[PDB]
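Structure first, commentary second.
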Amino acid sequence: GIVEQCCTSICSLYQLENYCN
Amino acid sequence: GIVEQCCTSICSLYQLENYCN
Amino acid sequence: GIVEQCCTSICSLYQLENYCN
Amino acid sequence: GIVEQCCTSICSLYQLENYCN
Amino acid sequence: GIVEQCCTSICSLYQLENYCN
Amino acid sequence: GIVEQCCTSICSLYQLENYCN
Amino acid sequence: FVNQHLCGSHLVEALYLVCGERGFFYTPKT
Amino acid sequence: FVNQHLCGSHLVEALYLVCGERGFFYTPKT
Amino acid sequence: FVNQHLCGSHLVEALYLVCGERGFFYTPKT
Amino acid sequence: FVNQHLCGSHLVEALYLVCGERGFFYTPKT
Amino acid sequence: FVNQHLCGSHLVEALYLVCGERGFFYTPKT
Amino acid sequence: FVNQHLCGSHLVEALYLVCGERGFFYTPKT
Ligand SMILES: [Cl-]
Ligand SMILES: [Cl-]
Ligand SMILES: [Zn+2]
Ligand SMILES: [Zn+2]
């Protein structure tokens, strides 16, 4: 998931925004 | 909520566990 | 400057990009 | 010691509490 | 103590070394 | 540069001070 | 352990600490 | 914005800055 | 995204986040 | 609480949250 | 270097920075 | 002071503490 993707590869702030309430 | 309990007031580490999944 | 815009006042992530090289 | 254990392996908050004054 | 010297008042990085072991 | 040196090897606070304005 | 004021990024750092793998929600509106 | 390489607590800091008052959920795998 | 108060080390953490590889300047005197 | 994997400054943050007003000592090896 | 207000977790982060391998004590009661 | 091993955001925190009100520039390679 996002937690693993950001750490093992890379991720964008736009991808992160999907986890906001 | 959490801000009122832990920032505005004070809370323990045990109280913080209330917000775990 | 940045402190006035972002600390004293409030600023967006887009505004913060003003200070990138 | 605790500094090495927490980093090379894992450690609990209960183990950490032993380093409080 | 350290809080009075460095938080309440202000302190230098050199002053902070007072609290090293 | 300094960003790479501090991470791949080590760096001193004195070296860091060169990046202040 | 102790009771302290935990605000903003420091509050979410504490949640990460306490919850870890369980995950958590940070919902300031409530 | 630039792409991000974020592990551990640094991911939680980034979510905090991205989501602000909306808050967020932190859900690691297993 | 959102608008928030970002001060001190938290402000520079946000700049790092937003700028990354591009680099940035933090010039509080202005 | 969950078990922790903490390196560098992250250990010091955890000690700070665990010990609160009691404070703590940070004593790495050699 | 400079003189600034360093409080809470930020104070202990600065001690870690300045002391490193020597270790340090954080004793707010004094 | 001791020598430092600083990656990612930890470098930016160190620059912040070292430079204070002078501010600083963060300029990574490529
Ligand atoms: Cl603060
Ligand atoms: Cl890290
Ligand atoms: Zn803070
Ligand atoms: Zn880190």
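Following the order of the structure tokens, first chain is A, next is B, and so on, with residues numbered from 1 inside each chain and ligands from 1 in the order they appear.
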
Quick one: which residues from chain G are at most 12 Å off chain I, using only C-alpha atoms, as a count of residues only? 3

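Residues in contact with residue 2 of chain F at 8 Å, where only C-alpha atoms are counted and same-chain residues fewer than 2 positions away are skipped, are listed as residues 4, 5, 6, 11, 15 and 16 of chain F; 28 of chain L.
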
Would you mind aligning chain C to chain E, a least-squares fit over all C-alpha atoms taken in order, and returning the superposed chain as a PDB file with N, CA, C and O atoms, in the first residue's frame?
ATOM      1  N   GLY C   1      17.534  25.298  35.074  1.00  0.00           N
ATOM      2  CA  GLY C   1      18.104  24.127  34.369  1.00  0.00           C
ATOM      3  C   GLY C   1      18.037  24.371  32.871  1.00  0.00           C
ATOM      4  O   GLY C   1      17.876  25.515  32.433  1.00  0.00           O
ATOM      5  N   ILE C   2      18.162  23.294  32.099  1.00  0.00           N
ATOM      6  CA  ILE C   2      18.170  23.386  30.631  1.00  0.00           C
ATOM      7  C   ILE C   2      16.922  24.083  30.064  1.00  0.00           C
ATOM      8  O   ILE C   2      17.041  24.876  29.146  1.00  0.00           O
ATOM      9  N   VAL C   3      15.729  23.806  30.606  1.00  0.00           N
ATOM     10  CA  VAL C   3      14.512  24.424  30.075  1.00  0.00           C
ATOM     11  C   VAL C   3      14.532  25.938  30.281  1.00  0.00           C
ATOM     12  O   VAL C   3      14.166  26.720  29.386  1.00  0.00           O
ATOM     13  N   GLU C   4      14.975  26.352  31.464  1.00  0.00           N
ATOM     14  CA  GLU C   4      15.054  27.770  31.767  1.00  0.00           C
ATOM     15  C   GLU C   4      16.110  28.461  30.885  1.00  0.00           C
ATOM     16  O   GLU C   4      15.872  29.532  30.343  1.00  0.00           O
ATOM     17  N   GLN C   5      17.259  27.814  30.721  1.00  0.00           N
ATOM     18  CA  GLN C   5      18.358  28.367  29.923  1.00  0.00           C
ATOM     19  C   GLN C   5      18.036  28.415  28.427  1.00  0.00           C
ATOM     20  O   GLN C   5      18.336  29.409  27.762  1.00  0.00           O
ATOM     21  N   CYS C   6      17.399  27.363  27.906  1.00  0.00           N
ATOM     22  CA  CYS C   6      17.306  27.179  26.439  1.00  0.00           C
ATOM     23  C   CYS C   6      15.925  27.341  25.823  1.00  0.00           C
ATOM     24  O   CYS C   6      15.821  27.631  24.622  1.00  0.00           O
ATOM     25  N   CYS C   7      14.875  27.115  26.609  1.00  0.00           N
ATOM     26  CA  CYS C   7      13.500  27.284  26.121  1.00  0.00           C
ATOM     27  C   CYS C   7      12.891  28.613  26.584  1.00  0.00           C
ATOM     28  O   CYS C   7      12.389  29.406  25.773  1.00  0.00           O
ATOM     29  N   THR C   8      12.929  28.837  27.896  1.00  0.00           N
ATOM     30  CA  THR C   8      12.364  30.033  28.487  1.00  0.00           C
ATOM     31  C   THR C   8      13.179  31.245  28.079  1.00  0.00           C
ATOM     32  O   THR C   8      12.644  32.215  27.526  1.00  0.00           O
ATOM     33  N   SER C   9      14.479  31.154  28.337  1.00  0.00           N
ATOM     34  CA  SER C   9      15.461  32.040  27.736  1.00  0.00           C
ATOM     35  C   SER C   9      15.963  31.448  26.402  1.00  0.00           C
ATOM     36  O   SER C   9      15.312  30.585  25.810  1.00  0.00           O
ATOM     37  N   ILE C  10      17.082  31.956  25.899  1.00  0.00           N
ATOM     38  CA  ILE C  10      17.688  31.436  24.683  1.00  0.00           C
ATOM     39  C   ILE C  10      19.098  30.972  24.990  1.00  0.00           C
ATOM     40  O   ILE C  10      19.745  31.494  25.897  1.00  0.00           O
ATOM     41  N   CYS C  11      19.583  29.990  24.237  1.00  0.00           N
ATOM     42  CA  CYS C  11      20.927  29.481  24.470  1.00  0.00           C
ATOM     43  C   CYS C  11      21.597  29.127  23.151  1.00  0.00           C
ATOM     44  O   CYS C  11      20.920  28.907  22.136  1.00  0.00           O
ATOM     45  N   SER C  12      22.922  29.108  23.179  1.00  0.00           N
ATOM     46  CA  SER C  12      23.730  28.766  22.020  1.00  0.00           C
ATOM     47  C   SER C  12      23.935  27.257  21.947  1.00  0.00           C
ATOM     48  O   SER C  12      23.682  26.537  22.914  1.00  0.00           O
ATOM     49  N   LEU C  13      24.392  26.785  20.790  1.00  0.00           N
ATOM     50  CA  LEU C  13      24.812  25.402  20.638  1.00  0.00           C
ATOM     51  C   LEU C  13      25.933  25.040  21.623  1.00  0.00           C
ATOM     52  O   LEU C  13      25.951  23.928  22.148  1.00  0.00           O
ATOM     53  N   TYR C  14      26.845  25.982  21.891  1.00  0.00           N
ATOM     54  CA  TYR C  14      27.900  25.756  22.885  1.00  0.00           C
ATOM     55  C   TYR C  14      27.325  25.551  24.270  1.00  0.00           C
ATOM     56  O   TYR C  14      27.800  24.695  25.002  1.00  0.00           O
ATOM     57  N   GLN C  15      26.332  26.357  24.646  1.00  0.00           N
ATOM     58  CA  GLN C  15      25.676  26.175  25.937  1.00  0.00           C
ATOM     59  C   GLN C  15      25.029  24.805  26.020  1.00  0.00           C
ATOM     60  O   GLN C  15      25.111  24.139  27.049  1.00  0.00           O
ATOM     61  N   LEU C  16      24.387  24.366  24.940  1.00  0.00           N
ATOM     62  CA  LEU C  16      23.779  23.022  24.929  1.00  0.00           C
ATOM     63  C   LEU C  16      24.760  21.901  25.251  1.00  0.00           C
ATOM     64  O   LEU C  16      24.371  20.863  25.799  1.00  0.00           O
ATOM     65  N   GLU C  17      26.033  22.093  24.919  1.00  0.00           N
ATOM     66  CA  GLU C  17      27.046  21.094  25.236  1.00  0.00           C
ATOM     67  C   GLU C  17      27.244  20.906  26.724  1.00  0.00           C
ATOM     68  O   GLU C  17      27.846  19.907  27.146  1.00  0.00           O
ATOM     69  N   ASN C  18      26.739  21.846  27.526  1.00  0.00           N
ATOM     70  CA  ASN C  18      26.794  21.700  28.992  1.00  0.00           C
ATOM     71  C   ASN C  18      26.085  20.435  29.474  1.00  0.00           C
ATOM     72  O   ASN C  18      26.373  19.928  30.559  1.00  0.00           O
ATOM     73  N   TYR C  19      25.153  19.928  28.661  1.00  0.00           N
ATOM     74  CA  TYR C  19      24.306  18.802  29.050  1.00  0.00           C
ATOM     75  C   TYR C  19      24.698  17.482  28.396  1.00  0.00           C
ATOM     76  O   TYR C  19      23.988  16.498  28.519  1.00  0.00           O
ATOM     77  N   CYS C  20      25.843  17.457  27.714  1.00  0.00           N
ATOM     78  CA  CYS C  20      26.401  16.224  27.221  1.00  0.00           C
ATOM     79  C   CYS C  20      27.042  15.467  28.371  1.00  0.00           C
ATOM     80  O   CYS C  20      27.454  16.055  29.372  1.00  0.00           O
ATOM     81  N   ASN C  21      27.134  14.158  28.197  1.00  0.00           N
ATOM     82  CA  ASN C  21      27.913  13.339  29.093  1.00  0.00           C
ATOM     83  C   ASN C  21      29.348  13.285  28.609  1.00  0.00           C
ATOM     84  O   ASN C  21      29.724  13.969  27.669  1.00  0.00           O
TER      85      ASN C  21
END

Lay chain G over chain J using all C-alpha atoms, matched one to one in order, with a least-squares fit; then write it out as a tab-separated table (two decimals) with N, CA, C and O atoms, in the first residue's frame.
chain	number	residue	atom	x	y	z
G	1	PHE	N	0.41	-1.43	23.06
G	1	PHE	CA	1.57	-0.76	22.40
G	1	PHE	C	2.29	-1.76	21.51
G	1	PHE	O	1.83	-2.90	21.36
G	2	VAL	N	3.42	-1.35	20.91
G	2	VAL	CA	4.13	-2.20	19.95
G	2	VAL	C	5.66	-2.16	20.13
G	2	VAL	O	6.19	-1.38	20.93
G	3	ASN	N	6.35	-3.04	19.38
G	3	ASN	CA	7.81	-3.05	19.26
G	3	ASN	C	8.26	-2.72	17.84
G	3	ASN	O	7.81	-3.37	16.89
G	4	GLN	N	9.17	-1.75	17.70
G	4	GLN	CA	9.60	-1.23	16.38
G	4	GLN	C	11.10	-0.86	16.40
G	4	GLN	O	11.69	-0.81	17.50
G	5	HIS	N	11.70	-0.62	15.23
G	5	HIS	CA	13.08	-0.06	15.16
G	5	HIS	C	12.99	1.46	15.33
G	5	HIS	O	12.29	2.15	14.57
G	6	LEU	N	13.73	1.97	16.30
G	6	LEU	CA	13.77	3.41	16.59
G	6	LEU	C	15.24	3.81	16.61
G	6	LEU	O	16.00	3.35	17.46
G	7	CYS	N	15.62	4.67	15.66
G	7	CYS	CA	17.01	5.02	15.42
G	7	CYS	C	17.22	6.52	15.36
G	7	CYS	O	16.37	7.26	14.89
G	8	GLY	N	18.37	6.95	15.85
G	8	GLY	CA	18.76	8.36	15.70
G	8	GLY	C	17.80	9.32	16.34
G	8	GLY	O	17.39	9.17	17.51
G	9	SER	N	17.45	10.37	15.59
G	9	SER	CA	16.58	11.38	16.13
G	9	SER	C	15.22	10.79	16.51
G	9	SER	O	14.57	11.29	17.42
G	10	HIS	N	14.80	9.75	15.81
G	10	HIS	CA	13.53	9.10	16.11
G	10	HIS	C	13.56	8.38	17.45
G	10	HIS	O	12.56	8.34	18.16
G	11	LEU	N	14.73	7.84	17.79
G	11	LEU	CA	14.91	7.20	19.10
G	11	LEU	C	14.81	8.25	20.23
G	11	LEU	O	14.09	8.05	21.22
G	12	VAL	N	15.49	9.37	20.06
G	12	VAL	CA	15.42	10.42	21.08
G	12	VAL	C	14.03	11.07	21.16
G	12	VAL	O	13.60	11.45	22.23
G	13	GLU	N	13.32	11.16	20.04
G	13	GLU	CA	11.93	11.62	20.07
G	13	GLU	C	11.06	10.67	20.91
G	13	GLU	O	10.21	11.11	21.68
G	14	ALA	N	11.28	9.37	20.76
G	14	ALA	CA	10.52	8.36	21.52
G	14	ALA	C	10.87	8.44	23.02
G	14	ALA	O	9.98	8.40	23.87
G	15	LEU	N	12.14	8.60	23.35
G	15	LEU	CA	12.54	8.81	24.77
G	15	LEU	C	11.86	10.03	25.41
G	15	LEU	O	11.36	9.98	26.55
G	16	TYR	N	11.82	11.12	24.66
G	16	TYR	CA	11.15	12.33	25.12
G	16	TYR	C	9.68	12.01	25.39
G	16	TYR	O	9.13	12.39	26.45
G	17	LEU	N	9.15	11.30	24.48
G	17	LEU	CA	7.72	10.94	24.62
G	17	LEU	C	7.45	10.11	25.89
G	17	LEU	O	6.50	10.37	26.64
G	18	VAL	N	8.20	9.13	26.08
G	18	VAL	CA	8.01	8.14	27.12
G	18	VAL	C	8.44	8.63	28.51
G	18	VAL	O	7.83	8.26	29.52
G	19	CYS	N	9.51	9.44	28.56
G	19	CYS	CA	10.08	9.94	29.82
G	19	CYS	C	9.56	11.31	30.25
G	19	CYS	O	9.37	11.52	31.44
G	20	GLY	N	9.37	12.22	29.27
G	20	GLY	CA	8.93	13.58	29.55
G	20	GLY	C	9.66	14.26	30.70
G	20	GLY	O	10.89	14.31	30.71
G	21	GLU	N	8.88	14.74	31.68
G	21	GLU	CA	9.37	15.47	32.86
G	21	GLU	C	10.42	14.74	33.72
G	21	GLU	O	11.23	15.39	34.41
G	22	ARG	N	10.41	13.41	33.68
G	22	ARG	CA	11.41	12.61	34.39
G	22	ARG	C	12.81	12.86	33.82
G	22	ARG	O	13.81	12.67	34.52
G	23	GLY	N	12.87	13.26	32.55
G	23	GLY	CA	14.14	13.39	31.86
G	23	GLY	C	14.64	12.02	31.43
G	23	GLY	O	14.05	10.99	31.74
G	24	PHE	N	15.75	12.02	30.71
G	24	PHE	CA	16.34	10.78	30.20
G	24	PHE	C	17.80	10.99	29.84
G	24	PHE	O	18.31	12.12	29.80
G	25	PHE	N	18.49	9.89	29.58
G	25	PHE	CA	19.83	9.95	29.02
G	25	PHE	C	19.84	9.17	27.71
G	25	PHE	O	19.23	8.11	27.59
G	26	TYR	N	20.53	9.73	26.73
G	26	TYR	CA	20.79	9.06	25.48
G	26	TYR	C	22.29	8.84	25.38
G	26	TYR	O	23.04	9.80	25.20
G	27	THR	N	22.73	7.59	25.53
G	27	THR	CA	24.16	7.26	25.65
G	27	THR	C	24.50	6.12	24.68
G	27	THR	O	24.62	4.94	25.07
G	28	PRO	N	24.57	6.42	23.41
G	28	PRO	CA	24.81	5.41	22.37
G	28	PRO	C	26.13	4.61	22.53
G	28	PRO	O	26.11	3.52	22.06
G	29	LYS	N	27.19	5.14	23.13
G	29	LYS	CA	28.44	4.40	23.34
G	29	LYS	C	28.29	3.35	24.42
G	29	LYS	O	29.04	2.41	24.50
G	30	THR	N	27.33	3.61	25.27
G	30	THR	CA	26.62	2.66	26.05
G	30	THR	C	26.37	2.95	27.50
G	30	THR	O	26.56	4.06	27.93

Open item on the list: Among chain F, which ones does DSSP assign to alpha helix (DSSP H) (computed from the backbone)? Answer as a count of residues only.
Closed with: 11
